[PDB]
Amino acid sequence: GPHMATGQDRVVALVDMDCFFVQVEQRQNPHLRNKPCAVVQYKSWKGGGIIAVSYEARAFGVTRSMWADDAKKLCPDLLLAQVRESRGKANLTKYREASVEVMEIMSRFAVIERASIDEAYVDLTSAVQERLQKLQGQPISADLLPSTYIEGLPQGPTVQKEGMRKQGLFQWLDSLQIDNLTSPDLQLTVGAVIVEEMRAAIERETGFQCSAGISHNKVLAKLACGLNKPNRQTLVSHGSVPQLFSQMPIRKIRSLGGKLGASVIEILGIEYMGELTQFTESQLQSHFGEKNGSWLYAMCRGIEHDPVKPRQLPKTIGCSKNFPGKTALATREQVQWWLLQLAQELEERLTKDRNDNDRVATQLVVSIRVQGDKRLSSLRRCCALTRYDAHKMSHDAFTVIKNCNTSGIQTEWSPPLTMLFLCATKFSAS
């Protein structure tokens, strides 16, 4: 009772940009706005591979990983924007720079964790405490939460979406205890007010819309965010968790979408997150390990302790290219040419990074895949990154991989290479 923690100590939000690469291209090209459209890379193989899709295009069934030629069969009027190609390869710079725009705005409100190119977590616990002071006990108006859903509401004793949103928000606000500065539900609510402000700032200053989740931890904030995407935010309270989790497939929880989550389902014979409550912590540790078992025991009760890490910048800068089918690299001059291409992009990004962010990478990671290997990497080795010089980095990369060429004739390369990867790591202040 009085000693059981309820994981209600923090306010955490997750901001996730809507159809991000599409919005970047739509800002640039007004002709793409409010249209079914998608972002594609490499036009020559079936119109290119789709990597992002507008909501209008999703209505037709267009999805990521579709070939654009195939997407056109579902959506004949689909518009496309192509990823930039430089030095023979797709180049994601425009989207990385657009991501910096958003992350810098979010950082004004709170210290962020850059989770991905278009997602960031924020811990709003401190900001909420401050705002609750300025809020000298006055009630929170529904007008301060114009795009907020309260998960699980309305409930109890209208057929249009916004109507329902407002009914749920009204039930929530009506039941709030605003005189108690330590009430978790009140803290979440103030967190949601701040996130409305944050999301308004992002849209005003960039043009980009996003969704957000507000809850007490990262897993619930992330789950919350997707519940009413796009262009809306969702508050998941501690009290909403039993119902929410009672029909929530285990794979929907972040980190459980792969083999571990499948093993949870198979070994325990359950389907939904809520069903995990019926196992003891030791039982879960016995099946899934000490760390995973404790994490699951707490998570299925809505409790998670993973902190929002103060990290706004990527920890690595990588350059990757696949060489599928017949395009696999079968000559030494090919391997050398493409290592240089990659190294040149890497050098460009590294020099900009060093100027912007006052740090230098000290390790170069070189990874390849040989044709016929079942593994995604046939070799992943490091060497020193002592100079931001493309010819040196490509020469060094060649040196660390040269002995995978089993061709007696070293002019040839066998087996052919189907992937090259260069990555700069282990940053030090500069």
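Take the two forms, superpose them, and find the largest set of C-alpha atoms that agree within 1.5 Å; that set is the rigid core. When you see a residue number, it is the position in the sequence shown, counting from 1.
Higher-deviation segment by CA RMS in 8 other deposited structures of this protein, core fitted, 182 to 190 or 349 to 357: With the rigid core fitted, 182 to 190 is the stretch that strays more in 8 other deposited structures of this protein.
Greater Cα displacement in 8 other deposited structures of this protein once the core is superposed, comparing 171 to 179 with 98 to 106: Looking at 98 to 106 versus 171 to 179 in 8 other deposited structures of this protein, the farther one turns out to be 171 to 179.
Size class of the missing deposited segment between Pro157 and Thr158: Per the record, 4 to 9 deposited residues are absent between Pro157 and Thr158.
Mean C-alpha B-factor comparison - 337 to 345 and 294 to 302, higher one: So the stretch with the higher mean C-alpha B-factor is 337 to 345.
Stretch with the higher entry mean CA B-factor, where the candidates are 78 to 86 and 174 to 182: Mean B over CA atoms: larger for 174 to 182.
Residue selected from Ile265, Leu135, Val219, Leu188 by maximal Cα B factor: If I rank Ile265, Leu135, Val219, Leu188 by C-alpha B-factor, first place goes to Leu135.
Criterion, highest CA B-factor; candidates, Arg58, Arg387, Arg27, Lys35: The record points to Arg387.
Position of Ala330 among the chain's modelled residues by C-alpha B-factor, lowest, middle or highest third: It belongs to the highest third of the chain when residues are ordered by C-alpha B-factor.
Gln312 by Cα B-factor - lowest, middle or highest third of the modelled chain: Tercile = middle for this residue's CA B-factor.
Chain third (lowest, middle, highest) by recorded CA B-factor, residue given as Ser99: It belongs to the lowest third of the chain when residues are ordered by C-alpha B-factor.
Entry-reported Cα temperature factor of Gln129, expressed as the chain third it lands in: Top third by C-alpha B-factor.
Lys161 - which third its CA temperature factor falls in, relative to the rest of the chain: Its C-alpha B-factor, which the entry lists for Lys161, ranks in the highest third among residues of this chain.
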